[PDB]
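Trainee: Have a look at the structure that comes next, please.
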Amino acid sequence: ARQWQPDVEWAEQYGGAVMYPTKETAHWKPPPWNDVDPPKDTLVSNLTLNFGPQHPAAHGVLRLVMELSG
Amino acid sequence: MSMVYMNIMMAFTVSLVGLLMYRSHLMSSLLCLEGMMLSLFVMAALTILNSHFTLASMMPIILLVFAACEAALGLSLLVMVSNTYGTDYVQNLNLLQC
Amino acid sequence: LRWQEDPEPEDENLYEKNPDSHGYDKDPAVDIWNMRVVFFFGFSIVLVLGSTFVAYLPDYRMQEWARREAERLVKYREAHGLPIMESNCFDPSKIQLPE
Amino acid sequence: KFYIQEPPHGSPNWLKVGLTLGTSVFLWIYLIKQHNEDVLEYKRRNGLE
Amino acid sequence: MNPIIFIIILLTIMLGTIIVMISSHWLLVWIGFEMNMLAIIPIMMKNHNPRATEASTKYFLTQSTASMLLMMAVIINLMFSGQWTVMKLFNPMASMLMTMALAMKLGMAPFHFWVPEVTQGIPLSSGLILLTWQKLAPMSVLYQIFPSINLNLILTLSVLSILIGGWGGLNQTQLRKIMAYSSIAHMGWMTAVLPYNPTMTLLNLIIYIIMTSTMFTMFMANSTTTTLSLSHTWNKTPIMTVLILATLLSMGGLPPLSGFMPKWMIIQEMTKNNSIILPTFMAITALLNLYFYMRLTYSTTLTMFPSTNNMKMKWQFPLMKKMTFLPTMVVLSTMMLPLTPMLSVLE
Amino acid sequence: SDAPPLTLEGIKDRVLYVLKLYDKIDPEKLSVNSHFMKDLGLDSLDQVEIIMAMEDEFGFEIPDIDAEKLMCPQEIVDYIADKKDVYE
Amino acid sequence: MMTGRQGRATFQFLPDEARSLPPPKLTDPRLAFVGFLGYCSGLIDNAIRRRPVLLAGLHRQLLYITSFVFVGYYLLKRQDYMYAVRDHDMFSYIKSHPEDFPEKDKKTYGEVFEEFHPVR
Amino acid sequence: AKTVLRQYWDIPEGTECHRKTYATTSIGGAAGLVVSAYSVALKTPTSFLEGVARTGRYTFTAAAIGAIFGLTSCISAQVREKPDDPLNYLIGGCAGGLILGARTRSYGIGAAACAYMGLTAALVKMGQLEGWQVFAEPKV
Amino acid sequence: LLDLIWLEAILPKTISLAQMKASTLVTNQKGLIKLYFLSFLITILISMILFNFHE
Amino acid sequence: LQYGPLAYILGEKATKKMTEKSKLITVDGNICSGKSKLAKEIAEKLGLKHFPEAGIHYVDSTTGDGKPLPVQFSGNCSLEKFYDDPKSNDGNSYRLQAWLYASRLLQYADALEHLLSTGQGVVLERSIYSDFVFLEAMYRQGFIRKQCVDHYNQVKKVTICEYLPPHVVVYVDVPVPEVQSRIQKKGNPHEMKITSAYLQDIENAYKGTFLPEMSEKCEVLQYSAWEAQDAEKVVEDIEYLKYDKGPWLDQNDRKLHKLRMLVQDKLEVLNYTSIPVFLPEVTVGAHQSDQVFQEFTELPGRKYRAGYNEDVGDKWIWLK
Ligand SMILES: CCCCCCCCCCCCCCCCCC(=O)OC[C@H](COP(=O)([O-])OCC[N+](C)(C)C)OC(=O)CCCCCCCCCCCCCCCCC
Ligand SMILES: CCCCCCCCCCCC(=O)OC[C@H](COP(=O)(O)OCC[N+](C)(C)C)OC(=O)CCCCCCCCCCC
Ligand SMILES: Nc1nc2c(ncn2[C@H]2C[C@H](O)[C@@H](COP(=O)(O)OP(=O)(O)OP(=O)(O)O)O2)c(=O)[nH]1
Ligand SMILES: [Mg+2]
């Protein structure tokens, strides 16, 4: 016949995270093709501050709620 | 080997054991590296000052200069770890598998 | 299909196109010269001249000489009463046995 | 003109060719001179020529 | 990164290593490592992605700890000899710390866990520096302090490295992790012959660098970082697969290729010192290395894995990668056994 | 990996477990097919509270268009199984 | 083992005493093999960059051959020097310590008894 | 470990089997504690008692293997009146392999462990007699 | 029984099976800085208490 | 000399050659919406280079002698067969789309290289940023499988991130009935088989997913069919754009040097378009691929690197 060459079934043995699957490495998945992981969901924690009313620069009765980063 | 060398060498061992047992914070481990440099500085300064090794008296200073470079370098990495996960926890540094 | 793969080709019988084929190549010109080199260098040279060369090796392994030498020694020793062959290959005078 | 875009190696870079051939000649002359000087010193030190 | 800044940081990495090799004072040796770590990390952070940040951080934590132990050894050696010369250490405890500090820097087992991870997390070019150039400075120090190194400690690390490196490389499909565990195994051969003949440590290091630099150069040419990505090379650059076959066979220690020379010379020196059980165990354990090199040849050169349609578009463009010294390195990494007696120049 | 998968027996047990912690349901009156409104006597807002407990138990968001139809414990099991692909 | 040799020529590629030894012949077989490795590098360079292997860039092929031979010649001089030094030290040490290298009393096989092991 | 080994090799073969069993059991037990440390360090137990349980499981397997080897290899050299015989260690090594099988609940591991631990014990004894060096001191 | 089973099952099939099993132990690692450095501490203590590498 | 670190260090820096006219403009729209005519005119008036829309044979037009190659050297992808039988089992639908993305990805790199190497702007037609409309249309009509869309996003996710978006996005809105009526007038037997549902999926993707995405990063100009005929009006709007948003404001010499190194190495641009993902649509067996590759190397002027082919009259090979 014709010389045998690997098919998709054979090659996908070498596409996993490891060559010898186990229970520990069942949830391992191959890394991204370009080493770049998705950025994590925005968790920026701005600091909220009451600037007034009892504040020298608040003119007495201003409650300025400010989101501060630093 | 006076009784002072015992405590200084014990300080190094405590900071070494402290560095090898992480809790959560990368910053807590960075302090142990700066603690180890402090022990080495004191131990080297004591030996040099006691033996009247005059020219070696600059070695402890050169030891602090390169301790700052490492400390600054460790802080710079801590900024980038924090910017990626919002904390300095070491358990997040596990994308790479052995 | 699981992929885009060429269908397996069928075999080519060299007799179909060249009934005089010697089995060496599709090209009749190459096929004939492939056969001539194999036969001339294989049969006419190596096997025939090699056979004659081996037949006339100049006394391979010195076996014919040892026969003439044995005849010369046998004649010499029988003509002087010496034993045909002794049980000692080396004269004991040169041997110094322990203690 | 066969290529739609001029190849980076369409024509020889005559600067490299001169340096390349020039470098080879220099090394061969240097090596041959080195070999002759080594042989003369060898014979001089061993007192045979 | 600014090209001028990259060049300056690259030269700082070399300067740190060169300071360690020319230093005769322990303090300067320590300064060399600190300068080397200071410059290497920015090259690991170059692409600025989370995996590169983790790799740099794990690398910094390991190297920083080792430098602390090395300074402790120097100071202890100072207390018991009153001098800073870079020679045999004068206290057993100083030797153990320095030996372990140099083992952590080299990534020898059981201080090896970072090598597979740091290499995976950084680009191929940065990985090449990590596994070839970073080994020169620690090997320079071991070469000068070997008379005082505890024999059991150094041989134990060598044996564990040969075992862990071989086993770890079997369960890997990432090329950077395969090259990482291969590196650990080869460190074992360098440090196993160290007590007996430091010259053969240099020979194995030189040959390991040449072969390792050849593999990364060929992976860099095709931008392949996985077994399957490398499995498409036959359909783009057929010649490159033959060179990978010859180099991988050489790395496995098969004669008549170059990589058989370091094993052959290391076995000679150990058998002269009546060490027979260890060379035999080391050679047999090295068959683990040859197995996962053979597995790469199978999926790269000796078989033809499935391709993809878009590959036909890559046939219309040449290789624009520099591939510096690749034609010279591949020849030196395959045909040098007839020149084996040239190892005397290293003495 | 190794954690046991979800089974209709498992889903049914957990659903009936949540409904027993609810204070307005008589534990010895809960049938896997009993209607929340007709049998247990609950009202609209009581049903909403139950669905939120299911979200906490099974850790996924149930929209209002879908939650408006889950009027008995069995319908919850079908919805959770249907959305979790648990055909077992 | 020869790192600290008494020869006070440290970090020199070829100490001046190495000029007493014959240089390698330009027709040295070791030097021809090194030159051949240069030719293989030239051909491999053409193949990876997809050029006519035998014909492309004869100027570059010559520089490969010359570069290899040039470097090879000096590595052979240092290689032969290091082996010459090895024998020099070995013979000097044997001369300086005659008690450790005595001339063994000669015996002949007619006097030495060797056990005989039949093969039967 | 140097102390225990010197104690083991000072007791002549086939004598004082109570002492030799103490020595080997110490060596095996120490090996099981070294394995437990790395296992606990690299595979974090889910709880303190789950990790103490693991330490006791490995330490008892290694101690039992060490105890059975010294006991079985010492009575064998006593009954046969053949101290300097690697066959005594071959019997002891295989018995240790069988104990590993029982603890692992696997007949296959019992057979394989007996074969390879038996050979290793025999090779260890030969090296003691001949003078084989694993970590040989540099001489040339 | 001999060629296809037992001669395979002693030398080639068991030897291969062990290296695959030891490979998983070495590589199945959590990739945590905390656990690796904890093993470094164990190595240093073992190197002194057990093997006396410091003397 | 060839561009690299040495050239950059010696003065070849992108900002020194980019002016206020160094703009990258893309013309988008549905099928038969006047993009080609509009795009070609904006190039002449503004003095910009024009790139005809990337097709199945774009890569052939930049290499060798610039003439299209036989269709076996392109995977046998056919836009004609997609219209006739959009649900064939030989995977010609997605195989075409995956190939076209690689062509647009290549063209965009060619466009960026020209802009960064000489400072002249370029005008494109349906760049990589808008190629997903056809994919979304094929999937919603059952022309490709779900796994194919997963493959497209994986390839796109690792390629689109490396480039910068066009400065100006010109969109020529046309209601579907106008397009369908216009398609029939054009009288192309294959194109006339395009159902109206397919054209409506393209419309939804363009407005609803694409224009909102590009509105926050580019200068989006929308024109109807009636006001798109006079390219003079469109050019006037472009001339008076503020350019107050987009990543292009954050770029400097270092960032553009890294970008130019990527876009000049074409194999590095196409590195991730052939990731080892085994879909039947794109997977090719070893025997077939081997045979086709051998045939490719025996075409005139393609056995050796360009400039070393004797059969096409190249000379000085022995000194080159
Ligand atoms: C200094 C030199 C160093 C040399 C280093 C050598 C390294 C090699 C060491 C590897 C040992 C690995 C042992 C693994 C054992 C695994 C057992 C297991 O898990 O169960 C498998 C199986 C049970 O598994 P199972 O029940 O699931 O079924 C197996 C069948 N399949 C695969 C279909 C499932 O049990 C066995 O078959 C083990 C056979 C035991 C017999 C072993 C005897 C070996 C003796 C040596 C070879 C004989 C020839 C040499 C003669 C010499 C004479 C002096
Ligand atoms: C107080 C002083 C005591 C002295 C004792 C003397 C030593 C005797 C020790 C016996 C230990 C014991 O009990 O062995 C018993 C174990 C049995 O297997 P298991 O894992 O328990 O099976 C448990 C199965 N379940 C879990 C289902 C219950 O053997 C074995 O695995 C051996 C079985 C394979 C035969 C190996 C021989 C062939 C290979 C060798 C080739 C050279
Ligand atoms: N499946 C698919 N077909 C495409 C793609 N790009 C173009 N085509 C097809 C759609 C059309 O049938 C044909 C030409 O499309 P055009 O947008 O250029 O319309 P046309 O040239 O006829 O008129 P126009 O330039 O807009 O004035 O090519 C694509 O990315 N995927
Ligand atoms: Mg058009």
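Letters for chains follow the order of the structure tokens (A, B, ...), residue numbers begin at 1 for each chain, and ligand numbers begin at 1 in the order shown.
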Output the contact residues of chain C with respect to chain A at a cut-off of 12 Å, based on only C-alpha atoms, as a ChimeraX atom specification.

Mentor: /C:1-12

Trainee: Give me the residues near residue 28 (chain D) as a list in words, where near means some atom within 12 Å (using only C-alpha atoms) and where sequence neighbours in that chain fewer than 6 positions away do not count.

Mentor: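 Final neighbour list, sorted by chain and number: residues 21, 22, 34 and 35 of chain D; 26, 62, 63, 65, 66, 67, 68, 69, 70, 71 and 73 of chain G.
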
Trainee: What does the file look like for those residues with C-alpha atoms, as a PDB file, in the first residue's frame?

Mentor:
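That gives us out_36.pdb:
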ATOM      1  CA  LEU D  21      37.351  38.132  -0.670  1.00  0.00           C
ATOM      2  CA  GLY D  22      39.770  40.622   0.870  1.00  0.00           C
ATOM      3  CA  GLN D  34      52.892  32.750  10.478  1.00  0.00           C
ATOM      4  CA  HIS D  35      53.826  29.226   9.390  1.00  0.00           C
TER       5      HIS D  35
ATOM      6  CA  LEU G  26      49.775  22.986   6.503  1.00  0.00           C
ATOM      7  CA  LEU G  62      35.882  30.569   0.743  1.00  0.00           C
ATOM      8  CA  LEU G  63      35.671  32.703   3.883  1.00  0.00           C
ATOM      9  CA  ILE G  65      36.958  27.490   4.696  1.00  0.00           C
ATOM     10  CA  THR G  66      39.619  30.097   5.460  1.00  0.00           C
ATOM     11  CA  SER G  67      38.102  31.076   8.809  1.00  0.00           C
ATOM     12  CA  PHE G  68      37.971  27.460  10.002  1.00  0.00           C
ATOM     13  CA  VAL G  69      41.495  26.637   8.811  1.00  0.00           C
ATOM     14  CA  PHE G  70      42.917  29.832  10.308  1.00  0.00           C
ATOM     15  CA  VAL G  71      41.450  29.173  13.756  1.00  0.00           C
ATOM     16  CA  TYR G  73      45.908  26.058  12.923  1.00  0.00           C
TER      17      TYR G  73
END

Trainee: One number please: CA of residue 39 (chain C) to CA of residue 20 (chain C), in Å, one decimal.

Mentor: 16.6 Å

Trainee: Enumerate as a PDB file with C-alpha atoms, in the first residue's frame the residues within 7 Å of ligand 1, counting only C-alpha atoms and all ligand atoms.

Mentor:
ATOM      1  CA  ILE E 277      29.250   2.114  39.601  1.00  0.00           C
ATOM      2  CA  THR E 280      27.534   3.121  34.585  1.00  0.00           C
ATOM      3  CA  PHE E 281      24.497   4.468  36.433  1.00  0.00           C
ATOM      4  CA  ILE E 284      22.170   4.291  31.728  1.00  0.00           C
TER       5      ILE E 284
ATOM      6  CA  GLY H 108       2.623  -6.893  40.559  1.00  0.00           C
ATOM      7  CA  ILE H 109       4.579  -4.412  42.664  1.00  0.00           C
ATOM      8  CA  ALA H 111       6.967  -9.310  42.371  1.00  0.00           C
ATOM      9  CA  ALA H 112       8.853  -6.398  40.809  1.00  0.00           C
ATOM     10  CA  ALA H 113      10.015  -5.051  44.173  1.00  0.00           C
ATOM     11  CA  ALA H 115      13.233  -8.901  42.005  1.00  0.00           C
ATOM     12  CA  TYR H 116      14.928  -5.494  42.031  1.00  0.00           C
TER      13      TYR H 116
ATOM     14  CA  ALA I   9       6.479  -7.997  30.649  1.00  0.00           C
ATOM     15  CA  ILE I  10       9.768  -8.263  32.571  1.00  0.00           C
ATOM     16  CA  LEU I  11      12.421  -6.178  30.819  1.00  0.00           C
ATOM     17  CA  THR I  14       7.945  -2.871  33.295  1.00  0.00           C
ATOM     18  CA  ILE I  15      11.018  -0.670  32.834  1.00  0.00           C
ATOM     19  CA  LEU I  17       6.111   1.662  33.016  1.00  0.00           C
ATOM     20  CA  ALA I  18       8.303   2.819  35.907  1.00  0.00           C
TER      21      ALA I  18
END

Trainee: Would you pick out the contacts of residue 75 (chain B) at 12 Å or less, using only C-alpha atoms, so that residues sharing its chain but fewer than 2 positions from it are not included, and give the list as a list in words?

Mentor: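 Here the qualifying residues turn out to be residues 26, 27, 28, 29, 30, 31, 33, 34, 68, 69, 70, 71, 72, 73, 77, 78, 79, 80, 81, 82 and 88 of chain B; 57, 60 and 61 of chain E.
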
Trainee: Write a file of the just-selected residues containing N, CA and C atoms, as a short mmCIF file (atom, residue, chain, number, x, y, z; two decimals), in the first residue's frame.

Mentor:
data_model
loop_
_atom_site.label_atom_id
_atom_site.label_comp_id
_atom_site.auth_asym_id
_atom_site.auth_seq_id
_atom_site.Cartn_x
_atom_site.Cartn_y
_atom_site.Cartn_z
N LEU B 26 4.07 38.79 49.16
CA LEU B 26 5.42 38.90 48.62
C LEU B 26 6.22 39.95 49.37
N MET B 27 5.55 40.98 49.90
CA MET B 27 6.25 42.01 50.65
C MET B 27 6.81 41.47 51.96
N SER B 28 6.10 40.52 52.58
CA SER B 28 6.61 39.92 53.81
C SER B 28 7.90 39.17 53.55
N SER B 29 8.02 38.53 52.39
CA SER B 29 9.25 37.83 52.05
C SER B 29 10.37 38.79 51.68
N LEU B 30 10.04 39.92 51.06
CA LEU B 30 11.08 40.90 50.73
C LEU B 30 11.74 41.43 51.99
N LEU B 31 10.97 41.59 53.07
CA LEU B 31 11.54 42.04 54.33
C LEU B 31 12.56 41.04 54.87
N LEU B 33 14.54 39.14 53.05
CA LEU B 33 15.78 39.34 52.30
C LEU B 33 16.56 40.53 52.83
N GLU B 34 15.87 41.63 53.13
CA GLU B 34 16.55 42.78 53.72
C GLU B 34 17.01 42.48 55.14
N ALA B 68 20.59 47.41 48.44
CA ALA B 68 19.57 48.34 47.98
C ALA B 68 19.16 48.04 46.55
N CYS B 69 20.12 47.70 45.69
CA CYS B 69 19.79 47.37 44.31
C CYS B 69 18.83 46.18 44.26
N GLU B 70 19.12 45.14 45.04
CA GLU B 70 18.21 44.00 45.10
C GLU B 70 16.87 44.39 45.70
N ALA B 71 16.88 45.19 46.77
CA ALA B 71 15.63 45.61 47.40
C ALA B 71 14.79 46.45 46.45
N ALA B 72 15.43 47.39 45.74
CA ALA B 72 14.71 48.16 44.73
C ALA B 72 14.20 47.26 43.61
N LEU B 73 15.03 46.31 43.18
CA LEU B 73 14.62 45.40 42.12
C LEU B 73 13.45 44.54 42.57
N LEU B 77 9.46 44.50 40.88
CA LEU B 77 8.67 43.33 40.51
C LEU B 77 7.37 43.26 41.29
N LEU B 78 7.38 43.69 42.55
CA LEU B 78 6.16 43.68 43.34
C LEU B 78 5.11 44.63 42.78
N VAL B 79 5.54 45.74 42.17
CA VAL B 79 4.59 46.65 41.53
C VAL B 79 3.86 45.94 40.39
N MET B 80 4.61 45.22 39.56
CA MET B 80 4.01 44.59 38.39
C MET B 80 3.14 43.40 38.78
N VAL B 81 3.52 42.66 39.83
CA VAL B 81 2.64 41.61 40.33
C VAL B 81 1.33 42.20 40.83
N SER B 82 1.41 43.31 41.57
CA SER B 82 0.21 43.94 42.09
C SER B 82 -0.67 44.47 40.97
N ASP B 88 -0.43 41.32 46.28
CA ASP B 88 0.92 40.78 46.21
C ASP B 88 0.98 39.33 46.68
N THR E 57 9.78 36.94 38.71
CA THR E 57 9.67 36.96 40.16
C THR E 57 10.20 35.67 40.77
N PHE E 60 13.95 35.85 40.46
CA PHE E 60 14.57 36.77 41.40
C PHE E 60 14.60 36.19 42.81
N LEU E 61 13.50 35.57 43.24
CA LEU E 61 13.44 35.03 44.59
C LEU E 61 14.48 33.93 44.79
#

Trainee: So the first atom is CA of residue 24 (chain E) and the second is CA of residue 10 (chain G); what is the distance between them in Å, to one decimal place?

Mentor: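 Spanning CA of residue 24 (chain E) to CA of residue 10 (chain G) is a straight-line distance of 14.0 Å.
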